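This report concerns only the one structure given below.
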């Protein structure tokens, strides 16, 4: 034994336990989701209100990469920021050499390879975040989710954090009860609901909802934060559904 | 050297003479100045033969690696890679490159990259020492959305005049046609184009 | 990152043993038997092509390798370690000799360079020893024919005949009985085949045996004519057919 | 100014029947000023002979470098280096300084101890091998040497006829060069004996 | 017990970290199979999309390395993509340096050498993947070369990889014991793909829909993968015979 | 991270000893015995090869005795591959000195440099020491004939007669008994072989299990010659001194 | 120097003169300028002679290693690509000008390469100070689909034009023929049109003509025994 | 326990013990309070001496004219991080002629701290920081933890027995947020908040440290006689 | 600087070196000693570029003194001269070369012979009976070629030297302000303080 004490060591079953322990930190984080819609993507996240002293609207968690990609994550927040900074360098260098803004699948692999590299050596620690990200490129909308092992796939909808089971089930319903499509505006409302539903498993504290989206028609393919009236509306849609 | 690239309704055509000189000596009279950097992204080269071959080979490498990872690159992307090499190494390069390619979304596109490494998207482009003598002719005779046969004639008549006046240009006129249909190489001999 | 294993992974134990070298030799012991025999007018090296699965094309896996036109190598132990040593050995024959002297190195000196590479893997930071023993056969003008064994420690020794791997103790005994200083190359090949049959379990033919010689200059393998003094490689790999021809008069 | 003609000097080598000769003047100067009449330009490493003309500091440096390399060669190979092999070593060593070269004109002379074949070779300062059968010349009076050698040389001279030929070639060439002369040495080289002869010549 | 954790020899001359990397190779619970035609090389792999929230078009273990070379991987996806990116870089660099396309067997050797280094150098872990490279080589013709975490590689008439590799392997051996040739004697790649799928069905004892498979095909001068609809057309022709 | 697997090859024990050096010396004590004896008119080096086989090619083999230059040779005891690394370094040092000063390197200066290299591996770098002890036999015009030893600690000392490898306690006692200052080379030869004959773990001592060398002024007029003995010449000297 | 390359039916031939000069002086009357990159890939160089030799040996060495690594016979495009990237890197400071010719599993090839790193393809090429004399002949007599015999004749005639008309070129013609599916045949001194006529007089000296101060025996042996 | 020997190791529940041990050094540090209105932001810090012959350790550091912080934990780590902040504020002015937004300063600190939690040989920082500033979007208060977590707040406290002050501020939120244009009242409220963390000792003239920044007020530190007015 | 001369007689080496130091327009000093003792029986005189001469000489001296302590032995003049030559040969392909010419006069206690080595800034070494650097040889060598004998005494060597310095003082345009003379023999190094 002692196989779990060092990153990059295979156990006798062929597992990297340090990566599996990184997942535990992710499973201990706040719930975050992504929903792919007809011409875009929506991202939402639960921000726990630790105290009344937190300034509302002011500790933003969703992050833009370039101008067309949104990223949200659950787990160790600083690890997520580190990963987005790297993502921004990778997007900048791609656009520098190739002119066109980085395609979402290309961007996903850039993050994938970087996260995977942190499972190759004992001199570094795996990332303690699962990251949901995506946006619009020249081939349409794309939504990805990336784990601490470096593993990622494309998704119709995705969820991570403490309320991931609840949110998955909610996402599975949307996929079945809308086999032809979901509009960006619908998806914003649905995102609000699913976060409110997933908040059951973090009930001791009350929370702040945060949403963003990129849609070819609603935002011109750029990533924007859902603010003001449209935010309030989706909050109302969500509040009516929990009764 | 006389090189040009012309967009038309079905795509783009590149044209060039076949002469390369060492002073007044014709070192090669059947040179191929039209080079492939991707299936339907080609370039015409002018300036230092060593520099433009080196650059072209590096771009072909970058686009082959781009393709493996991200699929077919745009013509704009190919021009951007050329530009990067020409701009960052302007002190050590003497390269004048025209990039021409065909997309299905974007159709035929032409980008000229002159000495300093700037980029310019154009309906058509001319370059090389022999190009100076056909600025007037090309400006007067180029129309947008010509047919394949009109475009072949425009290029043939243009390079015929460049060859006539420029001692550094000569030999055969080579052309490469880039469309949805594929890639077609054309060649025209002195006896055809001289008497136009 | 950065390689932060800058300390030795092979170290002396209280009894004076270098553990990793002994363990490397143990890996060689498990290896498939290979051998070499020196004759008056040549050298033969041979081994068993133990194919992992019958769907494997075993001719695509070369256990006997040309290092220079006059030098060849066979091994017992870890095949992948052998393959990279052959790449390095070929390169060092050029970088530290042919590019300097305009000629290929003599057998002992190439053996010396391979041995140095293997020694460094036994003392350098963050590496384990190579888990192979090599038998290197070759010819050069001033030393004639020679046969060398190289071990995981980097130690090398010249042999008249020897065997390494699985059934080496039995094979060495067999070789002590038959070897003499008057063997011609055909006699040595015949003894190599006889010796090798003992350690081979099942099929024993030209497709399961890999065998090469260092012998006469082959001008037909040179690839060009017209320079009298260039007479061609002395290393030749016997064909499947040539091996089977000699297995009848066996 | 030109580094290969500051110090002056000449070397010539010739092949005959089962022998080779190599000869050199003994002058070292600083342009017009004669500095030494004992500056030998021929060195040997076992049975391989090396003459070097050109810049004298590089002559000295290269001798010390090839002594170094042929000594290590001998310890490893357990035999003396041969003329053909040494020639390649000289070429390699010079070319490794392609863009900051030694300003020399080396000449190799020797007999292959196995085949018995006589061997000579010459180089430019940057390693190009000149492998003539008949004769090799080098130094500030090389044009004069090409003149003498071309007319005086015939193939298959016996050791003591070869001596007279190469001696007369060197002497009369040196007398038409301001920066060469002040004495001369001639090595006659056979498969097992080597004789060294100092010549009497004018001292102006 | 530290000879278990890094790539140094155990007292029996073994590398445990290499052995455990072979075990990671079957984590995905996928089987693949490669065969050679007259003019082509075919590789098929099981496709399993267990979650309904996944975009199944992005779920793949077959990679287009160069225009001529395809690669299928048996092992976790992150290590697979690491190997895929590296092989793409290697193949592109080879073409730039030496002026011709990297042969399938040469790329396999190169990746096998990289793997060998990870078994000898302590700071690098082995990749828990098995790589099967396919092409129609311009000198050697249809080619299959497979690499593993030990740095071993060899060419194959045909091969299989995954948890049930033995059943597929023996099934293939028995066919070639019959046919007595190195390959599937079939003109069209369509018919070689049908052979491949048929013999996987028999060996696994399972039936496939168009979404349960992944197919890669190598021909002279291009390697490509089939869509669900091209595979459907393959499945249909199989049923009607 | 990596610290976990570091043996720390360069630390003191609580008694103030260097573990790895002690264990390397233990390794060397199992190597074939090598003996050096100094006379007024030369030096003898004699060494025993570690058990042979009849198929080992003796006449082309070199495991114990190495030429560093024309005036200096070494006898080796320990890991041969480690010794070759150091030997080539010493050969290069000797040529560097000759190139710089145009004089052959004094024996001690060569010995000190090699010993300083060995020392470095015990103080810094975290690498294992070289498992090698040397006997140096050489001549220079300052001190004449000289014998030195060096071991994995990088300490060196001078000797009239010395042994390294297996059974040094027994060998040293025998040399201590029969050695005399006025002794000549031909007697020293006999002493060395007799000492190996008595200390050997083999049943008897034969030509095929020995390497032998001398450094003599025995060369026409004020100059020194090294003689690595051929197998036939070792057979002759064994007969001549009545051991076979 | 005159060097040519000529493509024919089933292969390619190269040829060169044999004069090497030091300024206006002939240093070697019978230099071999045809070098081997690999058994069936040969080249000839003009410009800085040490550079052409060095660059030939370096790429020849790396080509051999590449071939051993890939288990394939070397390709001409590989020699070309490695030469041009090496030369381009040194910006023309390595004064190597080469005609490279060969056959490989892919076919027969003929390339020129210039010191700065540019390359050219052709059916017939020439290089060196005699390149214009040679090219005049090649442009006069070359045709599509030459036989092996016609190509050797054409190539050697092109070299002869250099030998007679270019002061930089002289002495003999060397030829190397590379036919597909065969061994390359290197024909050293294929033509010999310049034998020195016998002189009028022997310049052999009477022995004792030269004045001598000292003789000594040089010790070329190592230190003697005993 | 087997998992706390370095920062590069997760526990089986996904914790980073070296980081948690770094957090523990803050809990031992002397209490410091931060709070803000819409016009001003205030830091109050209780300074701790070694004995009665010794000076009181300074807890408040100026970063720029519009920004500064207070510390709890390892003071040399605060000196490193505050120096880094000074440079970043400085870079923003020299290159962009722009005052560094307090929020950007928080993001930069987070990223600097994070790198020391993911690599071998490093250790986490062992200090907590409260950063106040007045920029283009008004008054701000940030809390930095050496885990890399940075949080924007109306008020807070860190160090030994900060919990008392933290509850006091939580009660008073609606009152102190409205103290606009009256610096003295905002300080008073901060001094009152920090008093809920005192036991045994009380606020004296060499004990108390106050800093304020706002609308027309450069970041300035009050010690000694200058705090008499507030005790 | 300017004139340095050396002559090897029967049992000693004599080095003569000019005293003037000139900075362009003015003679700054007329008593400068252009020499360093490298070992008890080895002396080096030097001339060339300002600053570099003394820096080089003191660097050589430091290295020879270090060797002497390490080995408790004095290097032979031949060995010292080869070391010095290598340093100058190394310097000529440097970024900024030492422009320094030297004469090395030593008495070899092993062979009981005086030895004079002439080395220029390129690293051109020659052993000579008498030597000079710069233009000094142009005025003096014809006298030395005439009068020199290998069996001269120290006093005869000094007299031949006076004759050399007198010819220099007559025909040389520069006033070099006389010479400092030093003798190297079996008993070491001494200065002749009346010349």
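Note that the chains are named A, B, C, D, E, F, G, H and I in the order they appear, and that numbering of residues resets to 1 at the start of each chain.
What we mean here is this: contacts are C-beta pairs under 8 Å (C-beta built on N, C-alpha and C of every residue); 3 or more make two chains touch, one makes a residue touch a chain.
Steps from chain E to chain F, taking the shortest chain of touch contacts, total 1.
Shared contact partners of chain B and chain F, listed by label, are A, E, G. Chain centres here are Cα means. That of chain A falls 70 Å from that of chain F. For the pair chain B and chain H, the distance between mean C-alpha positions equals 64 Å.
With centres taken as mean Cα positions, chain E sits 32 Å from chain C.
Taking each chain's centre as the mean of its C-alpha atoms, chain B lies 56 Å from chain C.
The multi-chain contact residues of chain C, meaning those touching 2 or more other chains, are 1, 4-5, 9, 87, 99, 102, 112. For chain B, residues that reach two or more other chains under the stated contact definition are 69.
Across the assembly, chain G contributes residues 69, 71, 85, 222 that each touch 2 or more other chains. Contact between chains, per the stated criterion, is found for A-B, A-C, A-E, A-F, A-H, B-E, B-G, C-D, C-E, C-F, C-G, D-F, D-G, D-I, E-F, E-G, F-G, F-H, F-I. Residues 1-2, 5-9, 20, 23-30, 53-57, 60-61, 63, 79-82, 84-85, 125-131 of chain F are the ones touching chain C in the complex. If you check the complex, the residues on chain F that touch chain G are 70, 218-220, 223-227. Across the complex, chain C is touched by residues 6-14, 105, 109, 112-113, 115-117, 119-123, 145, 150-152, 154-159, 169, 172-173, 176, 182 of chain E. Here chain D touches chain I in the complex through residues 7, 28, 30, 33, 35-36, 38-39, 55-57, 60-61, 100, going by the rule given at the top.
Against chain E, the residues of chain F that register as touching in their complex are 2, 4-5.
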